[PDB]
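Undergrad: Dumping the structure here so I can ask a few things about it.
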Amino acid sequence: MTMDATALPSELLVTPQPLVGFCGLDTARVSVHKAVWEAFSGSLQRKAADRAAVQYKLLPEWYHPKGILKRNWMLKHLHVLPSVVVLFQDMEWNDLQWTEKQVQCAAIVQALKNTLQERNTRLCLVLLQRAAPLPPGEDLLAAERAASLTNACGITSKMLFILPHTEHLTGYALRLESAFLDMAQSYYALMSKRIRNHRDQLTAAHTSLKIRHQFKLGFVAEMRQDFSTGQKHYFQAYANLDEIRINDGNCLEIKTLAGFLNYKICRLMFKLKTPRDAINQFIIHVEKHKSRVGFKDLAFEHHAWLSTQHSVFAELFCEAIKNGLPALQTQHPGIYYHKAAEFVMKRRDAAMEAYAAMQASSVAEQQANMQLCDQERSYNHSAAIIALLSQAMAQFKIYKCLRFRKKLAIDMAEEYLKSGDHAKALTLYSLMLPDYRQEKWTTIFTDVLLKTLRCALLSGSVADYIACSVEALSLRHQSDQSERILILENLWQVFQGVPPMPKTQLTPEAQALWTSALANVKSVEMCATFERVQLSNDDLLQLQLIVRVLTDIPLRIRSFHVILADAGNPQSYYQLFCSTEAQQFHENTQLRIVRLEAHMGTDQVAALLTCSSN
């Protein structure tokens, strides 16, 4: 009829490769088969240029398509069914035990040809003539034993191959691979012809079976490296899907199929390096899809799948990087990494909506749809969101794009906020806030500042909390004055260590958590000036440091401190007595204080605001 091409992801993520089989071989031989398999794993030892694509696997109206009709047929074709069958055996040249070799290899090839009769596959046999090498044209018993084979089965002579000694076995394995390339491409072409002949007939114009056929056609082509032909048959299948009706119960499956198709064709793009072509196909179909659905769209569908769309395309971005293309990433390291990240954000928001529509009183299996939601309720951790953010983070960091990755970092911390996970949010914010002050732009600086307020109060890193709060009061004039007053009260509280006021948010658990704090914690702008330095060991300096408050609200005028320095030798507007210098120290030392540390109101500004000298 019109059955799905496949509902199976995680398929052929690596470059698809042929498979030729090896039978169930016992441990008794596996040791020497080790060497045997070594040559086989030699395909994985050698460079891709030397490496043959094929690998190994083990086993013990109109008429309906055979080999195409179902997606498990596709997959079983992919790896379960080898294009060619090869059974490796040993052949010691002897007299009558070698006749027993004849009978035994006859039995095994009889079983093998029965299996082939099940599944229409070409066969080859490999024999180690473990004896010493001899010239070709010497062993008539080779012909005799081939004839014993043929009367048993009829396998052609040339399909027989020999790997006498390991030092010989290696080269004979290389040419084995070459011959296998031969037969494998032969079988692949034969199946290609099968598909095209199938496609020339319609079972009463079902029109979707042929879609499966052209899909499998692309499979064949990419097996045979004709990437262009197969990718364009894929795209033609996309066109065919377009011709199909939309918005039915199928349209979601249509969208997923087109996702498969976009995946494959974009692979074949970047293999052929047609970048903007891949971009155009990507967009074209994805906005097709956004149009095609207006609802249901429970938005773990067509939104999460949108996320997976950008996920696969990011996969193909990194695939290009492994290939080495710098184009789109000089443009945008991952155009779609963070994009899929915001798509999983909308995923989670839609999940919140799902909970909302659930909070309604919540017969065509809508409960299963609700059960869908329950399934969708599972993928609500949104930690995978955080990880996708991490990949986008690193991906943009690849070309050292600090700003963008930093703002994705504040994204991460915001998400941890949404999840209620204050800790690591606070960590990333702790990194960002000095950065944001370095960007000098106070607006978002303050916005992440109140975010940090929430983060630290929830965490209880009240040292960090108050540091951000105080550099916030520095220039908090963009915010409410009364909240400045409240926060200043919080400042005196924390300096005393007594619980801070924003109990309007606080709940007792984290409250106690930070009550634990500050037992360990150990430690608006004004100006420093000098009337005289570099003295003649007679001068007397004095308070040239103008203590200015740029906060509208005052801080309680408590007290003062000055800290002595040792270079060379050891020795609105509010001003009050300090007599900072009356100690007649030694000459030519400019004691410029690291930080002010006078006791106005409380200890200090601590967060790194102190000037040098005159």
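Methodologically, a virtual Cβ is constructed for each residue, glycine included, from the backbone with ideal geometry; neighbour enumeration extends over all protein chains shown. Each answer follows from the model by the rule given with it, or from the source it names; no laboratory read-out is quoted.
Undergrad: Considering only residues that are of a type in the set (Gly, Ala, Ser) and not in a helix (DSSP H, G or I), look in region 507-538 and name the one that is farthest from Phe495 (Cα to Cα).
TA: The residue in question is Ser536.
Undergrad: A further question follows. Which pairs do you get when a residue that is farther than 20 Å from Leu163 by Cα, found in region 11-37, comes within reach of a residue that is acidic (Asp, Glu) and assigned to a helix (DSSP H, G or I), reach meaning Cβ atoms under 9 angstrom, with the pair 6+ apart or on two chains?
TA: Listed pairs, sorted by first residue: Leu12/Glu222; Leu13/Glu315; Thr15/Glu222; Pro16/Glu222.
Undergrad: Then there is this: Does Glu38 count as assigned to a loop (DSSP other than H, G, I, E, B) and surrounded by fewer than 18 Cβ atoms within 10 Å (Cβ to Cβ)?
TA: So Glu38 fails the test.
Undergrad: A follow-up question, please. Right, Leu257: surrounded by 21 or more Cβ atoms within 10 Å (Cβ to Cβ) and in contact with a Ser or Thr (Cβ under 9 Å, 6 or more places away or on another chain) or not?
TA: Criteria met by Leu257.
Undergrad: Separate question: Return the pairs, sorted by first residue and then second, in which the second residue is assigned to a helix (DSSP H, G or I), the first residue lies in region 439-466 and is on the phi > 0 side of the Ramachandran plot, the beta carbons are less than 7 Å apart, and the residues are 6+ apart or on different chains.
TA: Final answer for the pair search is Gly460/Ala510; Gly460/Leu513; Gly460/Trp514.
Undergrad: Let me ask another. How do the helices (runs of 4 or more DSSP H) wholly within region 224-342 filter down when requiring 3 or more residues that are closer than 30 Å to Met370 by Cβ and of a type in the set (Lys, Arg): which remain?
TA: 275-292
Undergrad: Could you please give the count of residues in region 245-272 that are more than 22 Å from the chain's Cα centre (by Cα) and more than 16 Å from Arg212 (Cα to Cα)?
TA: 8
Undergrad: Restricting attention to region 287-313, which residues are farther than 17 Å from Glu353 by Cα and of a type in the set (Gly, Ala, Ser)?
TA: Of everything in region 287-313, those that are farther than 17 Å from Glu353 by Cα and of a type in the set (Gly, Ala, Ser) turn out to be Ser291, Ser307, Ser311.
Undergrad: Tell me, please, whether a residue that is buried (at least 16 other Cβ atoms within 10 Å of the Cβ), more than 28 Å from the chain's Cα centre (by Cα), of a type outside the set (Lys, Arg) and in a helix (DSSP H, G or I) can be found in region 51-74.
TA: yes
Undergrad: Further question on the same structure: Determine which single condition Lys158 fails, assuming it passes every other condition in (1) of a type outside the set (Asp, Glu); (2) more than 19 Å from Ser83 (Cα to Cα); (3) exposed (fewer than 12 other Cβ atoms within 10 Å of the Cβ).
TA: (2)
Here is a yes/no grid of residues against (1) in contact with an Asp or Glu (Cβ under 7 Å, 6 or more places away or on another chain); (2) assigned by TED's automatic domain parsing to the domain that holds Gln45; (3) polar (S, T, N, Q); (4) within 21 Å of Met74 (Cα to Cα):
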| site | (1), (2), (3), (4) |
| --- | --- |
| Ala173 | no, yes, no, no |
| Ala179 | no, yes, no, no |
| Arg194 | no, yes, no, yes |
| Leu209 | no, no, no, yes |
| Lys216 | no, no, no, yes |
| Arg224 | no, no, no, yes |
| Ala237 | no, no, no, yes |
| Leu241 | no, no, no, yes |
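Undergrad: Let me ask something else about it. Select from region 293-322 the residues that are touching a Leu at 6+ places or on another chain (Cβ under 9 Å) and over 13 Å from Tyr337 (Cα atoms) and list them in ascending order.
TA: Once the filter is applied, which keeps residues that are touching a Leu at 6+ places or on another chain (Cβ under 9 Å) and over 13 Å from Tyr337 (Cα atoms), region 293-322 yields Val293, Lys296, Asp297, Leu298, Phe300, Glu301, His302, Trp305, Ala320.
Undergrad: What about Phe577, is it out of contact with any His (no Cβ under 6 Å at 6 or more places or on another chain), surrounded by fewer than 11 Cβ atoms within 10 Å (Cβ to Cβ) and assigned to a loop (DSSP other than H, G, I, E, B)?
TA: Yes; evaluated as a whole, the condition is true for this residue.
Undergrad: For the subset of region 370-391 comprising residues that are over 18 Å from the mean Cα position of the chain (by Cα) and surrounded by fewer than 15 Cβ atoms within 10 Å (Cβ to Cβ), which member is farthest from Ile321 (Cα to Cα)?
TA: Out of the qualifying residues, it is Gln371.
Undergrad: Could you grab me the full set of residues in region 539-555 that are under 13 Å from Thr529 (Cα atoms) and in a loop (DSSP other than H, G, I, E, B)?
TA: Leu541, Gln542, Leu543, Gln544, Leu545, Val547, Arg548
Undergrad: Turning to a different aspect of this structure: Given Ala423, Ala356, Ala364, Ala394, which one is in contact with a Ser or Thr (Cβ under 8 Å, 6 or more places away or on another chain) and loosely packed, with under 15 Cβ neighbours inside 10 Å?
TA: It is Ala423.
Undergrad: May I pose another question? Quick check: anything in region 169-179 in a helix (DSSP H, G or I) and touching a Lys or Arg at 6+ places or on another chain (Cβ under 6 Å)?
TA: No, region 169-179 contains no residue that is in a helix (DSSP H, G or I) and touching a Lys or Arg at 6+ places or on another chain (Cβ under 6 Å).
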